[PDB]
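A.B. asks: This one's a deposited entry, sequence included:
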Amino acid sequence: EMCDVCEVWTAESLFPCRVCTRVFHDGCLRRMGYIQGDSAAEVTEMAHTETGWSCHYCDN
Ligand SMILES: [Zn+2]
Ligand SMILES: [Zn+2]
């Protein structure tokens, strides 16, 4: 799970997730000009403990 915009993982709680395929810092997408609005649930993240980690490829 290496941010295609940074390339550095940790554990704290990266986003969106890791299972998907790639990671994107909630700030990168905004710092790059990719997304421009509420493109998620912004209700909970957690890059581990079960949860509703939604993403572009997630779907779930
Ligand atoms: Zn990044
Ligand atoms: Zn995902």
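C.D. replies: That came in fine, so what should we check first? Numbering: from 1, shown residues only. Ligands and ions are numbered 1, 2, ... in the order given.

A.B. asks: start to end distance for stretch 51-59?
C.D. replies: Taking C-alpha to C-alpha, to the nearest Å, the first and last residues of stretch 51-59 lie 13 Å apart.

A.B. asks: correction: stretch 52-60
C.D. replies: Across stretch 52-60, first to last residue, C-alpha to C-alpha, it's 9 Å.

A.B. asks: quick one: that stretch near ligand 2?
C.D. replies: Yes: using C-beta under 5 Å from the ion, stretch 52-60 reaches ligand 2 at 55, 58. From N, CA and C alone the C-beta is placed, and that goes for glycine too.

A.B. asks: buried stuff in that stretch?
C.D. replies: Under the neighbour-count criterion of 16 or more other C-beta atoms under 10 Å, stretch 52-60 has 53, 54, 55 buried.

A.B. asks: quick one, helices of this protein?
C.D. replies: Ranges of helices in the chain, per DSSP state H, are 28-32.

A.B. asks: Show me which residues of the protein are close to ligand 2?
C.D. replies: Close to ligand 2, as judged by C-beta under 5 Å from the ion, the chain has residues 17, 20, 55, 58.

A.B. asks: Just the closest of the buried residues of stretch 52-60 to residue 24, please.
C.D. replies: Distances from the buried residues of stretch 52-60 to residue 24 were compared by C-beta to C-beta; the smallest belongs to residue 55, at 8.5 Å.

A.B. asks: show me what contacts the residue nearest the centre of the chain?
C.D. replies: Central residue of the chain (C-alpha atoms, centre = their mean): residue 16, 1.4 Å from the mean position. Counting by C-beta atoms under 8 Å, 6 or more residues apart in numbering, residue 16 makes contact with 23, 24, 26, 40, 45, 53, 54, 55, 56, 58.

A.B. asks: from what I can see the second one touches residue 15, true?
C.D. replies: Yes: look at residue 24 against residue 15 with C-beta atoms under 8 Å: they come within range, at 6.9 Å.

A.B. asks: Closest to residue 10 out of the residues of the chain next to ligand 2?
C.D. replies: residue 17 (14.0 Å).
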